[PDB]
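Structure record follows, encoded as structure tokens.
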2 protein chains.
Amino acid sequence: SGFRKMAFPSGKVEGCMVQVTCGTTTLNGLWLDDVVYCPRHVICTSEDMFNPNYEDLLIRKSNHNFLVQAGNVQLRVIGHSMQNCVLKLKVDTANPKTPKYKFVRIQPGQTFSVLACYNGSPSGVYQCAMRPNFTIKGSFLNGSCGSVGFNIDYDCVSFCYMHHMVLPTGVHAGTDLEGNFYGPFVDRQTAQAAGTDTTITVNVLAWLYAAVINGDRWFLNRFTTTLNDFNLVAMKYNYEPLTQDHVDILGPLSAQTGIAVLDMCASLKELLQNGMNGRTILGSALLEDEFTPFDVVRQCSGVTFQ
Amino acid sequence: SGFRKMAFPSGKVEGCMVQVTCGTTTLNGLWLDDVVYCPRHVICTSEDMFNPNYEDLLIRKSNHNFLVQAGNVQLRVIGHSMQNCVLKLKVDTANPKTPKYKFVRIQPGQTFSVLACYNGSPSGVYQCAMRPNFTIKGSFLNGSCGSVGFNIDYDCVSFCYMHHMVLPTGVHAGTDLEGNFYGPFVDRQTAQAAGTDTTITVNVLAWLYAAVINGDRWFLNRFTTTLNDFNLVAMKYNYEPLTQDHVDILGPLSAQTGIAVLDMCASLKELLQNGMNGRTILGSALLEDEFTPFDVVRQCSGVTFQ
């Protein structure tokens, strides 16, 4: 009973956060096995940020210029290299707390947990979605860069995100763990264009199902509609178009609630056209889009991790 | 930049969760030093829940009737006793992962993180508030009982909550770590009256300050008001009355934003009387009350834990 924006437990990631300091800049790194991953702009000063030549800057740096520390443990850099926008600092000590992990590149609309850190120390954890314009609406202050996003599948941590920049519009941009940015962004302090932030329609539908499961049913009508008629209305309100893949992914929720996907679409369309009236759904006056169908199944079933 | 409902990192609590099984009932326990804390209704069947005599039920149980396991580690109960509504299971092995901790009883309006568990394994973490009617709006399924709420102060885990019941209205009730319920609730499956759920006014004000800090300023007027005139309007909308202690606690936020507390009160009153109009504040169409003034200072400053 009840529904909450739930994060994954962060214990297996807390033990991988380190502090990386090169010159005067200090940010967070991810220590897995005997390598530390961090944003390459750790080698920049605040002045170099407006037009850095990362090749030129990196070459006037040696192994002993990078100070990595895990708590009061001082690590020794014995090799460094640049992979896209992340710096891989090869150290001598493998992390004894390295969990089973993999690097994954997620798609827009997927959700993950962010462990926000400062100077290598965890501060808080929250759940968010990759927006369709490849930004995230996070909570980051100066020095939070290198904080990572993750999922916990089975007993394995799936690292999917590392924070690099705050854009002038206040939103956040970052890379995967191979150093490739999500979206068209670059690690350069300049005016960068983010596109239209649309609503993740399939996620809204998963949340409506979660509401029905929890007893919030006032929005249900017996109206129906088709994919095309729904998408016409969705496109008018800056909603992502629904495809047949999305209908399939809502299948298990349709089965457990007895409500057809296209019937739920017809309820959503009326909410788009006529509004919430001032009612709420699961304690919210807005349509929520940061739960995937899997998050809903996870939470309404009681899936645990180890 | 940005604002999120942030939970504390859960690593130091994950290593204290165990599974407790007595007879056919299995729920979660909290393993600190050489004692396991769990809800005493672990000794009930589903049938005994409507009128249990915990004294009578407990006396037909011995040490070897309680099976406590931490992962694939089997613990041995060498002593048991009932303290109010929690069972203290004395075991032979002290937890090697016992953090610095204390037990605290929080007051309504305070916030904490809940680690939702099933069968001793963590499932997710979220942040919530103790409502003024001593319930919490959580996310709990069957078998989540014994899940605990906590804060992280400095390097010390402050345990403040343990989940015991879901009420027929769908909300959740629990105890402190001494076994005393929050509110007038009892560990008995019966119709129980929860009072009026009012809005935590001081928390709303702290969140308005957070909005101004983050650039959301459209609700600011130069109107002013007094405590009494504000409380007259607040009481009409089921808002908790603001006292001078609350004004003092908003002091640091007033200083950093240059906006007087009574001025912020005048803005809030207009929002109560005229509504949101359809605008939003920090991405929300409703007035948010699950951030304390301390949460706001914490998040907008970058406080880290160890």
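Within each chain, counting starts at residue 1; across the structure tokens, chains are named A, B, ... in the order shown, with ligands numbered 1 upward in that order.
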With the cut-off set at 8 Å and counting only C-alpha atoms, tabulate each residue of chain B with an atom at most that distance from an atom of chain A, showing the nearest atom pair and its distance in Å to one decimal, ordered by chain and increasing number, as a Markdown table.
```
| residue | atom | partner | partner_atom | distance |
| --- | --- | --- | --- | --- |
| B:1 | CA | A:140 | CA | 5.6 |
| B:2 | CA | A:139 | CA | 4.5 |
| B:3 | CA | A:139 | CA | 5.1 |
| B:4 | CA | A:139 | CA | 5.9 |
| B:5 | CA | A:126 | CA | 6.7 |
| B:6 | CA | A:126 | CA | 5.2 |
| B:7 | CA | A:125 | CA | 5.2 |
| B:8 | CA | A:124 | CA | 4.8 |
| B:9 | CA | A:124 | CA | 5.4 |
| B:10 | CA | A:10 | CA | 5.7 |
| B:11 | CA | A:11 | CA | 3.6 |
| B:12 | CA | A:11 | CA | 7.2 |
| B:14 | CA | A:11 | CA | 6.8 |
| B:115 | CA | A:9 | CA | 7.7 |
| B:117 | CA | A:304 | CA | 7.1 |
| B:118 | CA | A:304 | CA | 6.5 |
| B:121 | CA | A:304 | CA | 5.8 |
| B:122 | CA | A:304 | CA | 5.8 |
| B:123 | CA | A:304 | CA | 4.4 |
| B:124 | CA | A:8 | CA | 4.8 |
| B:125 | CA | A:7 | CA | 5.2 |
| B:126 | CA | A:6 | CA | 5.2 |
| B:137 | CA | A:2 | CA | 6.7 |
| B:138 | CA | A:2 | CA | 5.6 |
| B:139 | CA | A:2 | CA | 4.5 |
| B:140 | CA | A:1 | CA | 5.6 |
| B:141 | CA | A:1 | CA | 6.0 |
| B:166 | CA | A:1 | CA | 7.8 |
| B:170 | CA | A:1 | CA | 6.0 |
| B:171 | CA | A:2 | CA | 7.4 |
| B:284 | CA | A:286 | CA | 7.4 |
| B:285 | CA | A:285 | CA | 5.6 |
| B:286 | CA | A:285 | CA | 6.4 |
| B:300 | CA | A:141 | CA | 7.5 |
| B:301 | CA | A:141 | CA | 7.8 |
| B:302 | CA | A:141 | CA | 6.7 |
| B:303 | CA | A:123 | CA | 6.3 |
| B:304 | CA | A:123 | CA | 4.4 |
| B:305 | CA | A:123 | CA | 5.9 |
| B:306 | CA | A:121 | CA | 6.6 |
```
Could you save those same residues with N, CA, C and O atoms as a compact mmCIF listing (two decimals), in the first residue's frame?
```txt
# COMPACT_ATOMS: atom_id res chain seq x y z
N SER B 1 22.30 23.81 -7.74
CA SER B 1 21.13 24.07 -8.57
C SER B 1 20.20 22.85 -8.59
O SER B 1 20.67 21.72 -8.55
N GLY B 2 18.90 23.10 -8.67
CA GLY B 2 17.90 22.04 -8.60
C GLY B 2 17.58 21.65 -7.17
O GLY B 2 18.34 21.92 -6.23
N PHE B 3 16.43 21.00 -7.00
CA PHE B 3 15.95 20.55 -5.69
C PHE B 3 15.22 19.22 -5.81
O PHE B 3 14.30 19.10 -6.62
N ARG B 4 15.61 18.25 -4.98
CA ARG B 4 15.06 16.90 -5.02
C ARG B 4 14.71 16.41 -3.62
O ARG B 4 15.39 16.74 -2.64
N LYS B 5 13.68 15.57 -3.53
CA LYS B 5 13.39 14.87 -2.29
C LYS B 5 14.48 13.83 -2.05
O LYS B 5 14.42 12.71 -2.56
N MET B 6 15.46 14.18 -1.24
CA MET B 6 16.70 13.44 -1.08
C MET B 6 16.63 12.55 0.16
O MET B 6 16.21 13.01 1.23
N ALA B 7 17.06 11.30 0.02
CA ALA B 7 17.23 10.40 1.16
C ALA B 7 18.69 10.38 1.60
O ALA B 7 19.60 10.66 0.83
N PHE B 8 18.89 10.00 2.87
CA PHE B 8 20.24 9.73 3.35
C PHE B 8 20.79 8.47 2.69
O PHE B 8 20.02 7.57 2.34
N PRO B 9 22.11 8.39 2.52
CA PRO B 9 22.71 7.14 2.02
C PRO B 9 22.46 6.03 3.02
O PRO B 9 22.57 6.23 4.23
N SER B 10 22.13 4.85 2.51
CA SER B 10 21.61 3.76 3.34
C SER B 10 22.66 2.71 3.70
O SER B 10 22.33 1.74 4.40
N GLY B 11 23.91 2.88 3.26
CA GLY B 11 24.91 1.84 3.45
C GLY B 11 25.07 1.38 4.89
O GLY B 11 25.12 0.19 5.17
N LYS B 12 25.13 2.33 5.83
CA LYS B 12 25.34 1.93 7.22
C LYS B 12 24.13 1.22 7.83
O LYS B 12 24.25 0.68 8.93
N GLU B 14 21.94 -0.84 5.73
CA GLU B 14 21.87 -2.09 4.99
C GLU B 14 22.57 -3.21 5.73
O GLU B 14 22.05 -4.33 5.81
N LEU B 115 14.33 2.70 4.92
CA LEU B 115 14.89 1.62 4.09
C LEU B 115 13.85 0.50 4.06
O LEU B 115 13.71 -0.25 5.03
N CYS B 117 12.48 -2.98 3.38
CA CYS B 117 13.09 -4.29 3.25
C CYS B 117 12.02 -5.38 3.18
O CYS B 117 10.89 -5.19 3.63
N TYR B 118 12.41 -6.54 2.64
CA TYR B 118 11.57 -7.74 2.62
C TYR B 118 12.46 -8.95 2.84
O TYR B 118 13.44 -9.15 2.11
N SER B 121 16.21 -8.29 3.25
CA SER B 121 16.98 -7.73 2.14
C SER B 121 16.46 -6.35 1.75
O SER B 121 15.25 -6.17 1.58
N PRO B 122 17.35 -5.37 1.58
CA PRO B 122 16.90 -4.02 1.21
C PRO B 122 16.27 -3.98 -0.16
O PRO B 122 16.74 -4.62 -1.10
N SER B 123 15.21 -3.21 -0.28
CA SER B 123 14.53 -3.04 -1.56
C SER B 123 14.63 -1.62 -2.10
O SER B 123 14.80 -1.44 -3.31
N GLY B 124 14.53 -0.61 -1.24
CA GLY B 124 14.58 0.77 -1.70
C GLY B 124 14.61 1.71 -0.53
O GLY B 124 14.35 1.33 0.62
N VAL B 125 14.94 2.97 -0.82
CA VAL B 125 15.05 4.01 0.19
C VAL B 125 14.29 5.24 -0.27
O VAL B 125 14.30 5.59 -1.46
N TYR B 126 13.56 5.88 0.65
CA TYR B 126 12.84 7.10 0.34
C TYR B 126 12.74 7.97 1.59
O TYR B 126 12.91 7.50 2.72
N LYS B 137 3.03 8.42 5.30
CA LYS B 137 2.56 8.00 3.98
C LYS B 137 3.74 7.32 3.31
O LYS B 137 4.57 7.96 2.66
N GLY B 138 3.83 6.00 3.47
CA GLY B 138 4.96 5.23 3.00
C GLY B 138 4.63 4.34 1.82
O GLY B 138 3.62 4.52 1.12
N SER B 139 5.51 3.38 1.58
CA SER B 139 5.29 2.35 0.57
C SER B 139 5.68 1.03 1.22
O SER B 139 6.87 0.71 1.33
N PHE B 140 4.69 0.28 1.69
CA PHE B 140 4.93 -0.97 2.40
C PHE B 140 4.02 -2.06 1.84
O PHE B 140 2.82 -1.84 1.65
N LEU B 141 4.60 -3.23 1.58
CA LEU B 141 3.85 -4.42 1.21
C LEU B 141 3.95 -5.43 2.34
O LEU B 141 4.72 -5.26 3.30
N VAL B 166 -0.08 -1.56 8.69
CA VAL B 166 -0.87 -0.82 7.71
C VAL B 166 -2.29 -0.73 8.24
O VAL B 166 -2.90 -1.76 8.56
N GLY B 170 -5.06 2.65 4.68
CA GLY B 170 -3.91 2.61 3.80
C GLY B 170 -2.67 3.32 4.31
O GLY B 170 -1.63 3.26 3.64
N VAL B 171 -2.73 3.99 5.46
CA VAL B 171 -1.55 4.68 5.96
C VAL B 171 -0.82 3.77 6.94
O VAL B 171 -1.33 2.71 7.32
N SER B 284 6.33 21.60 -8.88
CA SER B 284 5.23 21.01 -8.13
C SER B 284 4.02 21.92 -8.19
O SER B 284 4.15 23.14 -8.06
N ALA B 285 2.85 21.32 -8.40
CA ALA B 285 1.59 22.05 -8.43
C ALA B 285 0.92 22.13 -7.07
O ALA B 285 -0.16 22.70 -6.96
N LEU B 286 1.53 21.55 -6.03
CA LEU B 286 0.99 21.58 -4.69
C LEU B 286 2.05 22.13 -3.74
O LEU B 286 3.25 22.12 -4.05
N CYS B 300 21.01 22.77 0.14
CA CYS B 300 21.52 23.96 -0.53
C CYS B 300 22.94 24.35 -0.09
O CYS B 300 23.47 25.34 -0.59
N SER B 301 23.55 23.60 0.83
CA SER B 301 24.90 23.85 1.31
C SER B 301 25.91 22.78 0.92
O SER B 301 27.08 23.10 0.69
N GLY B 302 25.48 21.52 0.83
CA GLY B 302 26.37 20.44 0.45
C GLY B 302 26.95 19.71 1.64
O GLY B 302 28.14 19.38 1.65
N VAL B 303 26.12 19.45 2.64
CA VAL B 303 26.58 18.72 3.82
C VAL B 303 26.77 17.25 3.45
O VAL B 303 25.90 16.63 2.84
N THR B 304 27.93 16.70 3.80
CA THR B 304 28.27 15.31 3.55
C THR B 304 28.38 14.55 4.86
O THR B 304 28.52 15.13 5.94
N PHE B 305 28.31 13.22 4.76
CA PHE B 305 28.33 12.34 5.92
C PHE B 305 29.45 11.31 5.78
O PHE B 305 29.92 11.00 4.68
N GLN B 306 29.86 10.77 6.93
CA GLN B 306 30.90 9.75 6.96
C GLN B 306 30.70 8.80 8.14
O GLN B 306 31.08 7.63 8.07
```
Fewer than 2 positions away in the same chain doesn't count, so skip those; otherwise give me all residues within 6 Å of stretch 265-272 of chain A, counting only C-alpha atoms, as a list in words.
residues 220, 221, 223, 224, 225, 262, 263, 274 and 275 of chain A
What's the 9 Å shell around residue A:106, counting only C-alpha atoms, without same-chain residues fewer than 6 positions away, as a list in words?
residues 130, 160, 161 and 176 of chain A
Could you please write out, as a count of residues only, every residue of stretch 135-208 of chain B that DSSP assigns to alpha helix (DSSP H)?
8
Using DSSP on the backbone coordinates, identify the residues of stretch 59-299 of chain B assigned to strand (DSSP E); present them as number ranges by chain.
B: 66-70, 73-75, 77-83, 86-91, 101-103, 111-118, 121-129, 148-153, 156-166, 172-175
Using only C-alpha atoms, which of the listed residues (A:190, A:228, A:72, A:256) sits closest to residue A:244?
A:228
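Going from atom CA of residue B:135 over to atom CA of residue B:84, you cover 18.7 Å.
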